[PDB]
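Residue numbers (this note's numbering), protein chains in the order written: chain U, 1 to 54; chain L, 55 to 231; chain S, 232 to 367; chain D, 368 to 471. Note that beta-carbon positions come from the ideal geometry of N, C-alpha and C, so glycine has one too. See structure below.
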Amino acid sequence: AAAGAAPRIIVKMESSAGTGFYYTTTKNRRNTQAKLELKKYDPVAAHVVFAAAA
Amino acid sequence: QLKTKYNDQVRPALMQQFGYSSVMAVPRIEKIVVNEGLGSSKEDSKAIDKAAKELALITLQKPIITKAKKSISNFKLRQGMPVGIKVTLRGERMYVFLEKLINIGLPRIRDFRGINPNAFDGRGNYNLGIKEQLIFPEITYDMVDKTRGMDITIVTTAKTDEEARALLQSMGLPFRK
Amino acid sequence: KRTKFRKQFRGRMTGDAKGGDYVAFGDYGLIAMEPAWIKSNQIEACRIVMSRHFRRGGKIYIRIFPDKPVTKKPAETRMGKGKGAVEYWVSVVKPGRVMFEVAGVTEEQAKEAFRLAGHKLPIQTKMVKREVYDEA
Amino acid sequence: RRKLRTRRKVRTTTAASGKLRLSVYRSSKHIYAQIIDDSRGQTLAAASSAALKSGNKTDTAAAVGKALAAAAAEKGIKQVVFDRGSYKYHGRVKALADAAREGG
RNA sequence: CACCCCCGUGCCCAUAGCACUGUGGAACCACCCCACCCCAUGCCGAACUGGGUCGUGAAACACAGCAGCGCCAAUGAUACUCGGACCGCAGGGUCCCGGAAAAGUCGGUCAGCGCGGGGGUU
RNA sequence: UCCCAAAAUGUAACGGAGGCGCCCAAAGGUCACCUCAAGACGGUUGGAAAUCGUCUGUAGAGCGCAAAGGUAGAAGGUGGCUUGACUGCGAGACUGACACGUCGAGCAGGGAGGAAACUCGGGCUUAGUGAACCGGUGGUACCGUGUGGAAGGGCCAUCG
RNA sequence: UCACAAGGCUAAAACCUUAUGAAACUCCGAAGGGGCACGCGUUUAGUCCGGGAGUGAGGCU
Ligand SMILES: [Mg+2]
Ligand SMILES: [Mg+2]
Ligand SMILES: [Mg+2]
Ligand SMILES: [Mg+2]
Ligand SMILES: [Mg+2]
Ligand SMILES: [Mg+2]
Ligand SMILES: [Mg+2]
Ligand SMILES: [Mg+2]
Ligand SMILES: [Mg+2]
Ligand SMILES: [Mg+2]
Ligand SMILES: [Mg+2]
Ligand SMILES: [Mg+2]
């Protein structure tokens, strides 16, 4: 996207599984400031819960 | 509490004075309604701490924080902020707090020959808000800071204004003369 | 004369005049015959004309009104770069439509003050008297 | 106001779901639970309570909810969709439910 | 639905609406009564809701009266117009033949059709 | 996006106004619940406007921003739980010269709210975007040159 | 919704009688126009697949 934009930074969601997987979305960073905990699917099994990876 | 049976001293006080068809057809009093509307200017956490303690000790009931109706006039106004506080009192606690008034509020009034007897709600109801806070059985200067004031509105199922007039008055109310 | 605030700009078209082809407000009334345009000054003209004639002062009803912005480009440019700034204002008077109503004067005053009025306009005209009675 | 009743009334997508509407009127101490094909403007069950209830008041629930579901199972009507109106689904009409939810 | 009438519910989305008004109580509805817990209030049994009456017909609801308002709305006639032709430098206008409103006037109307239920006709 | 655009879609102009290159972790999924702008009267600070009260009250408001269409039986306002802002797909159509683009029932794995029938593969919608190429990165074990390995490459993902 | 002619009336804003203009107003709203069907009654074209193109400056009522 538009590089020097500090709010709504695009970061991915890596599974707690270790399947080898990742989603990709955008938090406002005027919000979370720590990380993100979401509950998405995972082809390499069924239902993981993801940590907002660096 | 007893003001219940007093209402029931009124029930045929006017069912025998007027000429009604029935006993439910004579003006009851749904809710007393208190508005602690500081607002416009006063935007301190402390004056709503105070309005809260005050309201919750005088009427023994939690206060609802009424906000800015998105009205943002030329002066100091905006959107989501406390510009009025509210406590609706109905039935039981209504009769209790109203008795707190006629018993320990109305005489306590510094300078008081009764209150405004001009036609209120043209539909035949009432309001009456009143300034002063230093005329109370609960509001103490030894438990507050500076001086505030209340704004009250009582609802009466009267058809016209003379009938509310009569109602409120025979219930224990001074109309200044 | 001119108006207060608006849209800004325009266009044009014709075909006969809606209302109101009737003699209200007055006893005597002057009526257009041609699908003209009419301007702020073109009417202020007749204002000041008839208002000369009636003295002090009659009762004068300007049933028309300029609302149309007409433009002219800056003189001497080749077209393009824009539409013309607003030159002047126009009342789009169509025929049978009545422009002037007066009373509070007599028949002679209507004839003459209307004559002098109509000698200031791009239109042949007929003056008359009431009877148009669909609604007073 | 009305709002709530007409709200649920339309969230019962009238006929298009295929099934059978199941009315109620727990706002008085005489109720009326009904059964409708709504498309066809007709009623097919009918468990009143005004022709002698039992004696109970909101205990009557499970009972006219058992009477209804009985008249249903008798008619043949083997499938539910639960209309209401101004009702929370929690207590009384919820009883009517549970004992209709296994009662026909 | 056997006759009225009330309770729930639909087709119909104002000729079906509102105000003024009179009838209406154990026969259904409603208000009413109380609520420590179910359950609920951004505060309060006001509302959602749990206990059950008398009481009231007042309020709300239902019915009937009612043309003051809203709603609906002709025929005639016109605007405009398909397609035939034409006039004026032009802004625009006409003729023949069909289609043809809008708004206004005449008026019209307190809807009309169902299903099930309860309840009465010494 | 709106007229211009001649009541179908479409249509030019250095014609007439205005807006986008984001925002939202709740402003989404579900579940439940609430109703608006104003004017009149009457009311402690106030007193044009604040707060409360009542009578009016189908939209005269609200929708994160542009307007048009839309909307009160909610898309508007408030809470409970929540990660359907989900992989594997795609019946059938809208649209475009192509490339694109747009909508979508239904099936599977597997979930979320409801008690349920259900609803959901982002937001009322239509702007919030950049084809290839070369390269970064997380998987993957298809290719790897006499052979078995590794470089490198391919595929899914994705970043500039 | 923006505009605006007179007059009422009040403290002017509203609102009443009288009154009108609108591409970006719309309680209303044609004539025509388009899709689908039928062919009830005529006429000839259409559509697909494959070969060869040219044209892509238009002009007037
Ligand atoms: Mg012609
Ligand atoms: Mg003709
Ligand atoms: Mg005709
Ligand atoms: Mg009636
Ligand atoms: Mg066309
Ligand atoms: Mg072209
Ligand atoms: Mg290249
Ligand atoms: Mg790699
Ligand atoms: Mg490798
Ligand atoms: Mg009409
Ligand atoms: Mg070219
Ligand atoms: Mg050309």
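Quick check: what's the CA-CA separation for residue i versus residue j?
i, j, result
"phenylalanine 449 of chain D", "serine 390 of chain D", "7 Å"
"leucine 261 of chain S", "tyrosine 292 of chain S", "10 Å"
"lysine 123 of chain L", "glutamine 133 of chain L", "7 Å"
"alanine 348 of chain S", "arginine 309 of chain S", "38 Å"
"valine 77 of chain L", "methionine 69 of chain L", "7 Å"
"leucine 92 of chain L", "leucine 56 of chain L", "34 Å"
"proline 266 of chain S", "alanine 248 of chain S", "8 Å"
"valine 48 of chain U", "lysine 27 of chain U", "20 Å"
"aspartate 196 of chain L", "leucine 114 of chain L", "19 Å"
"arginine 372 of chain D", "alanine 439 of chain D", "24 Å"
"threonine 32 of chain U", "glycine 176 of chain L", "55 Å"
"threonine 142 of chain L", "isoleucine 119 of chain L", "12 Å"
"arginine 144 of chain L", "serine 453 of chain D", "24 Å"
"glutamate 216 of chain L", "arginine 230 of chain L", "16 Å"
"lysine 59 of chain L", "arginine 65 of chain L", "9 Å"
"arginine 378 of chain D", "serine 384 of chain D", "10 Å"
"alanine 344 of chain S", "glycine 311 of chain S", "45 Å"
"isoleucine 83 of chain L", "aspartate 205 of chain L", "17 Å"
"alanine 6 of chain U", "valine 209 of chain L", "56 Å"
Closest by CA to residue i, which one among the options?
i, options, result
"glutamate 441 of chain D", "D:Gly470, D:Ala382 and D:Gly458", "D:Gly470"
"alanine 220 of chain L", "L:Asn172, L:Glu192, L:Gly183 and L:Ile193", "L:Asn172"
"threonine 302 of chain S", "S:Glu343, S:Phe296, S:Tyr259 and S:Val321", "S:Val321"
"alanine 212 of chain L", "L:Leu143, L:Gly73, L:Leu222 and L:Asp199", "L:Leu222"
"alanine 400 of chain D", "D:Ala430, D:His457, D:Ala383 and D:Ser421", "D:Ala430"
"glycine 226 of chain L", "L:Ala79, L:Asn157 and L:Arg65", "L:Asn157"
"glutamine 409 of chain D", "D:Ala464, D:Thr373, D:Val377 and D:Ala382", "D:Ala382"
"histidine 457 of chain D", "D:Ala438, D:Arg393 and D:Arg388", "D:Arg393"
"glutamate 186 of chain L", "L:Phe166, L:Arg202, L:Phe174 and L:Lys104", "L:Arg202"
"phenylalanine 240 of chain S", "S:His284, S:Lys299 and S:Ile274", "S:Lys299"
"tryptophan 268 of chain S", "S:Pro297, S:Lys360, S:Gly251 and S:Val280", "S:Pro297"
"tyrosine 364 of chain S", "S:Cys277, S:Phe256, S:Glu307 and S:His350", "S:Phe256"
"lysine 96 of chain L", "L:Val209, L:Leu188, L:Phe129 and L:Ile208", "L:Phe129"
"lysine 140 of chain L", "L:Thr207, L:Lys59, L:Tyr60 and L:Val64", "L:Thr207"
"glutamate 366 of chain S", "S:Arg233, S:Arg278, S:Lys235 and S:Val254", "S:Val254"
"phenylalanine 166 of chain L", "L:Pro228, L:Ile126 and L:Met135", "L:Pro228"
"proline 161 of chain L", "L:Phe190, L:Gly178, L:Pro136 and L:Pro81", "L:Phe190"
"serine 125 of chain L", "L:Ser94, L:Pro81, L:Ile184 and L:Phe72", "L:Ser94"
So, under 8 Å CB-CB, residue i and residue j are touching, yes? Tell me the CB distance rounded to an integer number of Å.
i, j, result
"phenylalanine 151 of chain L", "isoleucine 86 of chain L", "6 Å"
"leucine 411 of chain D", "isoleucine 398 of chain D", "Rounded, the Cβ-Cβ distance is 18 Å, inconsistent with contact."
"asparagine 89 of chain L", "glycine 138 of chain L", "6 Å"
Taking the DSSP output, what are the residues bridged to residue i?
i, result
"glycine 93 of chain L", "L:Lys96"
"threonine 25 of chain U", "U:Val11"
"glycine 257 of chain S", "The partner list for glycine 257 of chain S (beta bridge, DSSP) is empty, contrary to what the question assumes."
"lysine 121 of chain L", "L:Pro136"
"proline 300 of chain S", "S:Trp320"
"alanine 412 of chain D", "D:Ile402"
"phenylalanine 50 of chain U", "U:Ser15 and U:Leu38"
"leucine 389 of chain D", "D:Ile402 and D:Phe449"
"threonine 356 of chain S", "S:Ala263"
"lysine 270 of chain S", "S:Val321"
"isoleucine 293 of chain S", "S:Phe331"
"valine 141 of chain L", "L:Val88"
DSSP three-state call for residue i: helix, strand or coil?
i, result
"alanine 79 of chain L", "coil"
"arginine 233 of chain S", "coil"
"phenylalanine 229 of chain L", "strand"
"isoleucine 403 of chain D", "strand"
"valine 329 of chain S", "strand"
"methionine 264 of chain S", "coil"
"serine 394 of chain D", "coil"
"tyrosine 364 of chain S", "coil"
"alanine 67 of chain L", "helix"
"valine 88 of chain L", "strand"
"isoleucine 193 of chain L", "coil"
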